[PDB]
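Chains as they are written, first to last, in full-length UniProt numbering: chain S, 1 to 638; chain C, 206 to 716; chain H, 1 to 189, 202 to 756. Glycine included, C-beta positions come from ideal geometry on N, C-alpha and C.
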Amino acid sequence: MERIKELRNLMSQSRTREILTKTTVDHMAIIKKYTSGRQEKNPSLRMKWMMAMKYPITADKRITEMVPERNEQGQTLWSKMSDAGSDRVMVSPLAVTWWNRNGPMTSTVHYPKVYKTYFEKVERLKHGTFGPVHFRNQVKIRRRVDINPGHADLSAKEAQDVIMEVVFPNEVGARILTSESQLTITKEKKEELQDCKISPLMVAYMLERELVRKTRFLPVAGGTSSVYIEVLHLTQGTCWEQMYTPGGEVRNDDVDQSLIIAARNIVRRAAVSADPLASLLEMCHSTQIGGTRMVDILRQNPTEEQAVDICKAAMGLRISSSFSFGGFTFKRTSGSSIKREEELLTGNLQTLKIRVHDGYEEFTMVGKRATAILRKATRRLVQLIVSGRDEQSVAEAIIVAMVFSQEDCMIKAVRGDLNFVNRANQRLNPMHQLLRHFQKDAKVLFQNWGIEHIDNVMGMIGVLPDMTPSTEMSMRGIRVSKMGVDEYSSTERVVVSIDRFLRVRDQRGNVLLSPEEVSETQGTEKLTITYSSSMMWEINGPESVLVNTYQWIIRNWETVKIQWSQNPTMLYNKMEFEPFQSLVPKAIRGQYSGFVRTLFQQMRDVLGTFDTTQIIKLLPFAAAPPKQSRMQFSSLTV
Amino acid sequence: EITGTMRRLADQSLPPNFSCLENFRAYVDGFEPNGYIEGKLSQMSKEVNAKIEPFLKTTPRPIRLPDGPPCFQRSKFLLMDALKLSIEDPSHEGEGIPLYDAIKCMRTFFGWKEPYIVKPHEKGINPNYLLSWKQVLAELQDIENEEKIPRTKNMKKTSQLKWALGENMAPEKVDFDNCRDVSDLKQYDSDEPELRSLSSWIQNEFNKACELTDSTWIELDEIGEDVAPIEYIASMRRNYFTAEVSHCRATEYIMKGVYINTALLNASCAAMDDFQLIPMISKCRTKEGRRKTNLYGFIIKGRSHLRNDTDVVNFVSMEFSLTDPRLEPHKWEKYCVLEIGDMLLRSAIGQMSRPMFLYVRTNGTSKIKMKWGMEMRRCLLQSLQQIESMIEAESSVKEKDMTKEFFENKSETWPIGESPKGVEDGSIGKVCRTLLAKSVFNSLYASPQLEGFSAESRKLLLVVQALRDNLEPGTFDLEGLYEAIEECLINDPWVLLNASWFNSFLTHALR
Amino acid sequence: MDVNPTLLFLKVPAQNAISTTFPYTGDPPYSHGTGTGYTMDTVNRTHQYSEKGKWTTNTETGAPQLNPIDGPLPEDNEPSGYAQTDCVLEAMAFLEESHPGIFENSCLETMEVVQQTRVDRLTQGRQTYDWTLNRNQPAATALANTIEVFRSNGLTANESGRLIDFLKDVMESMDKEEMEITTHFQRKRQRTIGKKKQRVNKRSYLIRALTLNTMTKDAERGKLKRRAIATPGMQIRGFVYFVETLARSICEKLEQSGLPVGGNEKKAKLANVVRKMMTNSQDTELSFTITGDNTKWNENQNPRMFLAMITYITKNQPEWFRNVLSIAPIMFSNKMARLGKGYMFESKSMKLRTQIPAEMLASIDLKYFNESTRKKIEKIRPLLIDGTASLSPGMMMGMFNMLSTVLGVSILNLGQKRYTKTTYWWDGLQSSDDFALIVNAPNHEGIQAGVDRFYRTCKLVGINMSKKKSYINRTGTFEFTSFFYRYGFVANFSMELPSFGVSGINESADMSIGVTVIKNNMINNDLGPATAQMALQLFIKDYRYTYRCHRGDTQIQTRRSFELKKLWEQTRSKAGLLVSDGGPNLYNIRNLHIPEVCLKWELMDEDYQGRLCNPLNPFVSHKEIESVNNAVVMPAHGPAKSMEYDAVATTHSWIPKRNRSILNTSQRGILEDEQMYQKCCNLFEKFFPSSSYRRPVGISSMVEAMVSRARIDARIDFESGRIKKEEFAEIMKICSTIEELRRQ
RNA sequence: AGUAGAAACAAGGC
RNA sequence: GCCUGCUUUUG
RNA sequence: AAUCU
């Protein structure tokens, strides 16, 4: 009613009429950023200079009917002079404090729900639990980490339409909402923010900060989750760690990830020790994750991974001998396997190293909206049966199985820019990258796989490149079935035994797991893992391990220098050099050991030869059991 | 489609053996390499080279310093030669009318004389400075009889201050078609500055800036209550830091400059046409916990219509001192020095009656220089940051906090200065004060020469470090680097002193 | 004892104390007058280092242009702009040979970008030289005036809203005889403000479209003498946008580049690359590192080599792509340069001063000038055409840094040991005008030979190395863009020192930025906790003194020391007040990551809480999502970056006032245009609220959509809701009158 | 005079 | 008497 | 146990 009158007042004029009539809506975007200049090249100096003068601030003109021209002392609060390219009028910083001591009031109960992120930080610092401070040698590594983790369901393209429907429900257009999480969030935020008058723009900005994800490169030690990165200025320093545990609730992805990493590191050390099982138990007791102890997560949390399974079985629990790949849950049912550490090329000519497995083996793939049975050999697929619901479910299962097969028909079907490193020369994982490449569409992998005949057994359905069943000839090894419900609930955990050297065995006597199946990969925990035995660096990472090993031997030089001469075998077989040995490759440990021990021995034999740097350098390599040899080395790899 | 004009510009935008864009495109499309770089290298002269000049101990020569008349003083206020009158007023930093405090601190001195000149300026008119002092006194008197101190005193615009503040000195701005046939019409003078040689007083100023004192000069804001252990650790670290830092003359100069530049900027924006009297006031807490107010002198601001960041506001500085100007007159080239009184110090010489001088000057400043002197407290961070780094670098090694060991036990020391019999070491607090004074002097004596010298000497510092680390360093043109360093040493005392220090460093290093 | 801080470097290494060598607590050097002299110097320099080439006269501009390409080979170690085509193309060919598919994929990405992007992308950026006014203006203002003159002449393809159509228009505008423009004036005796039409012949329009503006760069850290820089126009902007898009896409796929990555990404990439080199290197092999800068980098580099590169990278692509990427190096090979403000003259006898514009240096007697300037003008006078100098043989500072990095990596890729055909080899890291080389060989003779071959292979392309500023040591220590690597990168903290004060945006924003830089420097740099507490204290002192907001329990008289005391005495809970309202500071390391309103929200009084945080306040202004909590800040050694600060919209979130000098100038009429456009756009946001969150789209006039939505909302709100019949009839009447005003 | 330092300020515009 | 105190600053 | 600017 009042804005249409303003439109009439504008249209009555001549220049403004000419602007309204002869200006399209796509040109409005350009002229709204038209100006003489709005750039300060030193804003600090301008503030210092302007806050020394009267009337440096600007405000709307309706302040003239809300604040008086001057106060009781006679100080003027606003002027009659107007800003340059605006209707706004110049005012002082006294109008502000006048408003804040004598101005109109409102209700501020909606405010902690709009600005939810900020008040969540508040409540999450209030209910936090501090702990001691530990001084030590700290190594930070630079990584991409999340500031805002966002809503895991919305993908950052649905989130903007959600924001549109909540705040601007009539200006959204044709987009209907499809997912159920969208409708849930929409109704929640729509009944919360019902008749607020803060501003739509600020509500939208804050909903974006709530829902969409946001990353940053920073130097990091300890935890990588977002609740631990907002306080990285307080938990981590150059020489000091501060124990801390935020107060809110934690997502379980972080917990299972951190348990997996912790268990991997623990197993990696424990394997090279003399009694692996005792060391493993002592490490699991003396360690905790996000404040909660590790035994609690190990008893409560069901998670599929080899190292977690060894830990659980060592606690006398029932294991799910299983793992994960591409969102599917694999349980081996036949055969052995060994990795090979090999190298190859792609169709786009990028070179890459991978670990290809040995032996014939069968597997029982499982998933959320599919199911499958798989048989394969070294680098070669043997057969695949599928039980998906929709056709694209079978497509997912087939591309996952093809990647899992490690066949050259898949490697030589890679086309386009597929960079196998990050934007900072960081090695991503090859399997995940291939599996991401073939998820846009795997047209070339289907058109290059092959074709076979079929026996037409069971009336089983044929494969589909693009939804075309072929009931007599089809892709090699790939068949299809159909099920309305689950074939079998394979979530049935078994009882096991363990040797000292961490060989898991079923009730019969066969072998199920071993410290060779755990990954050789070095990850970075999402929750801060805290280890309190005597030295707090023996599960922290390779860099810390190196620095702290050499620092320890420096500090204890006074007794190592004399133990090195008399009874040195009791110095090499020492509990401090075991985290180091986990980094030396298993093939060249004893060769290095024999090399170094012969070095030190003939360094003792002839008189007048002593270099403390050599002894401080080569001791962590003489820890291992000695294998003799005849060759020589110019360097030593770690 | 490229057509018309933009084809022609395309044909005239290629190498010289081409006349059409399309023939060039065809040459590119048919390009297969058949060893061209090898040929062009084989043709090129062997005089085009990158021969490696080794860098050894006997290789680096000293940096040559300029020759000329000795260097004078150029700060905006006196550093070591300054005197303060005090009354022991119990008010904090920004509290209280300053003209009233000034009158009160002038009442407490007995010994005023009829002023007369001791050391003239030799390019000015010294009676005008004398008369300006007398005018200041008359105005301080007629303040008292006004029934309320006004916080802002304007002065009368008379011949003395019009001369001393540069009024109607600018030339008039006209059109070139009205000044063509003028004889001496020429370009603004744009020449190499006058060279000036190093003197001994800058090192004594720096030595006194690094000194302890019997008073406190900085009272810090409160912060929150400490809830975590590391907050308490940081708090004891901070107690030590603040103890070392509040007792230092460099902090006194910080507070002085911040006060004066703040005052000048605010008066300059507020009163652009009026002349204004501005006292130099400071606040301390002496050894017994008593607050003290301190008067260093007076400033008279002139007109300050500053349309631009570099435009200059002129002012007249008056400062009290006890230091005779007849012993280092080359330091006081820009000053007239009067004699204003006598003073009886805590005396073993019966009662002393040492004379008392007033150093008078015309100076000038800009908005950006004021802005940067209005925020000198950042210097306190720089120093302290480095100190904590060192501490942390040992705390990582010996897994414990080491602030107490360093600050109390004086175990570890670092070289700080050169004495007869050679290198002398100091404790972490001495290092802190030395770096603080370095930053303060960088802020007070800032010039483009310092920028240049810092960069070009960073390079040589790093190649020397590479020699000490035994990394086989080398160069391609070292005399070019020296000629580039020496290009920036012209006339600034602070920069020449840094160069002298660098030569001493090369002498004590490179061994 | 006489004190020497430099002797500290006798115990602590230079990299672990390099912060002492940065005098960034003092004012930086500034320029005071004209920059004409530095412009002349750069012109005559780049015509000096390319002088043995051949001269020609353009048929379109009439300008003398110097072509040094495929010129003679150098005979000494002085700079040279004598580039060779065959070696550039061989460099590109071997680059594609080593990293196949790089150009194809980059070209496909850039083709998508070319097809989709819009003209509005030119609105966001830095200032831009407007040929319509012969000075610099913001980007959107220049775009708008250019579009206006185009539509006034007949070029209307940009109505499509795409960029490539605007480029077709600017191309089609060159084939016109007489362009027409409009100019601002104003007269006062009564302030009359109007416009006037004028004409521009074809050659005039060409020199105006091809020219760049020049100015001197203030606030430079690290130099005794001032530098000149250039600013390009509106017509060379979309083309260079696409070219730098292509170059970005390429350089992202190269392990040697450093330009598209910032902050810790940069250092991470550098460190990973150094480790990769030291792993591929052998143990019997000797290894050295050159820390190097290039001299006269932007004067030697020629656009014709860039055209060669472009035509090799677009090999086997559609001709429209090849022809829309070939126009930037063309237009930067026929470019010109405005000289600047001019000079000022002085007479002591008559006591007067005068100014001399740069557009009379060809028609002025040289008696006035001094020797250096006389020589400058004497050399440059041939190249003058309508107040702007021809400048073909080189670039200017700050453009084509990506493609120049591509050439640098092309030269670094010629050390793979299958292209040297020998036992020495090399690799390294490159950013525009800075590099780190690493050379491997079994002896020092091979090291010298590799250094020589790098120097010569780089001179065959126009890349000259500064021997005066470069040095070679063993591997482990080097310097790259003021990053000092010593077996690992090292913290400096003095580059970040001018970021520790009041930023000058508003109370809330300055507060948030002040605490946020402290916690950032705690993360990235090595600012300790105690020093951070001190930083808080000092920041709060500066905050209080600047904004005149002291504790309220103090006796410091300011202009608003009375309002704050009244607020203090009204208030019961005093720990809930903000530092801007005269309250305490509850900040510490524990809680640096929380705003000032949520930190103290349970401590506030409800009346204060509702007054402060009120949407009806007249002080707040939020306009668009890309400017809500985002401020431009100006670091040391960089361009003006944008900082994100977490804050709550309060009555302290005010905007400050404007310059107001333009009232006194002929171009005063831009204010009125701005004002009217802002009226119209504000009303549009009243009708269409999403217009500030999502870009509108449509072809109708604004009034049409406005009155239509008025009618619709009226109907829907009368049917079931608030609107009665009287309001309905009245506003429909107003809509009718709006139609009678627009259609007639 | 003074600030400053390769060109300007020492008020400017109508 | 009127108006102004950054109307042109690379990446 | 990861792949989102």
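DSSP bridge partner residues for residue i (one or two, in chain order)
i: H/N67; result: H/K54
i: C/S291; result: C/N499
i: S/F135; result: S/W240
i: S/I385; result: S/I373
i: C/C541; result: C/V565
C-beta atoms of residue i and residue j nearer than 8 Å
i: C/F282; j: C/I465; result: yes
i: H/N16; j: H/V502; result: yes
i: H/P244; j: H/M411; result: yes
i: S/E487; j: S/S387; result: yes
i: C/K324; j: C/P534; result: yes
i: H/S269; j: H/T417; result: yes
Residue nearest to residue i in terms of C-alpha spacing, selected from the options
i: S/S199; options: H/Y689, H/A453, H/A661 and H/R723; result: H/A661
i: C/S405; options: C/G371, C/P303, C/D396 and C/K536; result: C/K536
i: C/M477; options: C/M485, C/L511 and C/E580; result: C/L511
i: C/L261; options: C/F562, C/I354, C/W706 and C/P678; result: C/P678
i: H/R121; options: H/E109, H/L108 and H/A140; result: H/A140
i: S/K627; options: S/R70, S/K617 and S/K586; result: S/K586
i: S/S258; options: S/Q242, S/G222 and S/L232; result: S/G222
Beta-carbon separation (whole angstroms), residue i vs residue j, contact threshold 8 Å
i: S/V421; j: S/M410; result: Not a contact, Cβ separation roughly 20 Å.
i: H/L337; j: H/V255; result: 6 Å
i: S/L502; j: S/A270; result: 7 Å
i: H/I601; j: C/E688; result: Between C/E688 and H/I601 the Cβ distance is about 49 Å, and since that is not below 8 Å, they are no contact.
i: H/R151; j: H/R118; result: Going by Cβ atoms, the distance from H/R151 to H/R118 rounds to 17 Å, so no, they are not a contact pair.
Sequence-distant residues of the same chain with beta carbon closer than 8 Å to residue i, five excluded per side
i: C/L469; result: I483, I504, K506, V518, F520, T570 and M575
i: H/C263; result: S269, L271, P272, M414, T417, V418 and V421
Sequence-distant residues of its chain with Cβ nearer than 7 Å to residue i (five each side left out)
i: C/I292; result: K309, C310, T313 and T498
i: H/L73; result: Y82
i: C/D431; result: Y437 and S440
Cut-off 6 Å between Cβ atoms - residues of its own chain near residue i, not counting five sequence neighbours on either side
i: H/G488; result: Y499
i: H/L509; result: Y24
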